[PDB]
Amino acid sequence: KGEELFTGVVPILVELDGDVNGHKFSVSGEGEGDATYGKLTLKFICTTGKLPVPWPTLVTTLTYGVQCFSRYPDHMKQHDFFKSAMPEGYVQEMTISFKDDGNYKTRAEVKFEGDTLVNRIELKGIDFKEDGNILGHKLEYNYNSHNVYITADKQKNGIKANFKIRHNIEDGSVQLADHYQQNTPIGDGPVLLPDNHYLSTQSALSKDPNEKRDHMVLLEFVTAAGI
């Protein structure tokens, strides 16, 4: 049972390579997860310089590979695909469609490296508008709460998820980002295929006052429900 790897605090490393409309960038993340409380504390740094898209547009890319840190109440533990795939892990893919603008396509490999949970990601963004809300940096530095709806994909011995993120524009409007996600196990062992349910996520974005590099400090809670 992979769930046994998550009874305490687990260190996390996130590494992302991106290209959006030919702007290339990399982000490195460090922090920890405590699934007992559905709690993620992470600090992300753009190692190539300035991030060419707003930080909030990368939150699902940078964290949805660590949905293994969701708190599954005991009565629903037989629905926790994510932990059950550990330690060998899973491949997560996402298509993120920004209404009236471009899209992101991501691939991540999520697994243990020793006692550390690692998220290795590639992002490709295309057909963004030069001064739309994303390349024009018109998004506020904040993050609304929302749910991730999960369904089983028995075919792939995995799960799918669908959800809408509403990013706050600086003028009071909303920039919608439709998400379609699929996860497939990397290993051979059996995994838990869940009944339909969702993850309730809440996120606070902040800055480290002594950090001069372009960065994002993130506190996130993720809790399974719907059953």
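So that there is no doubt, residue numbering starts at 1 and follows the sequence shown.
Select between 214-222 and 19-27 the stretch whose C-alpha atoms have the higher average B-factor in the entry. Result of the comparison: 19-27.
Comparing 148-156 with 103-111, where is the mean C-alpha B-factor higher? Of 103-111 and 148-156, the stretch with the higher C-alpha B-factor average is 148-156.
Per the entry's Cα B factor values, which of 175, 57, 70, 162 stands out as the maximum? Highest C-alpha B-factor among the listed options: 162.
According to the Cα B-factor stored in this entry, which of the following is highest: 196, 41, 200, 63? Largest recorded C-alpha B-factor: 200.
Quick check on the deposited entry: does the C-alpha B-factor of residue 98 sit in the lowest, middle or highest third of its chain? For residue 98, whose C-alpha B-factor we compare with every modelled residue in the chain, the answer is the lowest third.
How does the C-alpha B factor of residue 118 compare with the rest of the chain: lowest, middle or highest third? It belongs to the lowest third of the chain when residues are ordered by C-alpha B-factor.
For the chain shown, is the CA B-factor of residue 191 in the lowest, middle or highest third of its modelled residues? As the PDB entry reports it, the C-alpha B-factor of residue 191 lands in the highest third of its chain.
Determine, from the deposited record, the chain-internal third of the Cα B-factor for residue 78: lowest, middle or highest. For residue 78, the deposited C-alpha B-factor lands in the middle third.
Taking the entry's C-alpha B-factors for this chain, is residue 138 in the lowest, middle or highest third? Middle third - that is where residue 138 ends up once the chain's C-alpha B-factors are sorted.
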